[PDB]
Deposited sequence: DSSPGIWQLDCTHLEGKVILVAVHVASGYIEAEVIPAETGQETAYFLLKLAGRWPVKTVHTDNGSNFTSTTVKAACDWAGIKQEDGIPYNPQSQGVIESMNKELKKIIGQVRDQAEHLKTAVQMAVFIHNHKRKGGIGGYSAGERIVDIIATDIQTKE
């Protein structure tokens, strides 16, 4: 389970946000991209896979994931691509947009607000003052020694 990520997209202000969620921790990575193309999606996946030990990605089976460029990237990086596998995370894509609202007036451009929201989400302590943030949870889950 520690190598599983869920990908999804969010559209805001006529722009596309690609989001990767580490299922076990709730940690997120996101980028604003011009459109959901195979090349953009493949680049995103390649970046993510260089930064964390990514074994498996669950996707929404959008047409960007049927691109041969994305298939090639997943094969090169040793990612098992699992399309149409669903999976509180539902509450979270709604939650990123809420956080983006609380910082939007501090950023000239949307992409900056998106990275501010990612920062807030990842650093936020969950389950009270004795709890842990998504950033803390991911490193504790992944660390092997």
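- Where C-alpha coordinates are absent, the deposited sequence of this PDB chain has the segments 1-2, 90-95, 154-158.
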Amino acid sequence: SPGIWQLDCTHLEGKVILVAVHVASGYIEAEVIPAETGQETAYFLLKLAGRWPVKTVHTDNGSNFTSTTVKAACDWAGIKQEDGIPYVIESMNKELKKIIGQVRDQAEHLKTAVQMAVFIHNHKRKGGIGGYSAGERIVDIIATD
From here on, numbers count along this sequence of modelled residues.
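- Compared against other deposited entries of this protein, residue 89 counts as often unmodelled, lacking coordinates in at least a third of those that resolve the residues around it.
- In this entry, 32-40 has the higher mean Cα B-factor, the comparison being between 116-124 and 32-40.
- As listed in the deposited structure, the average C-alpha B-factor of 76-84 and of 93-101 is greater for 93-101.
- Residue set 68, 63, 56, 106: peak C-alpha B-factor at 68 (per PDB entry).
- The entry lists C-alpha B-factors for 134, 20, 24, 129, and the highest of these is at 129.
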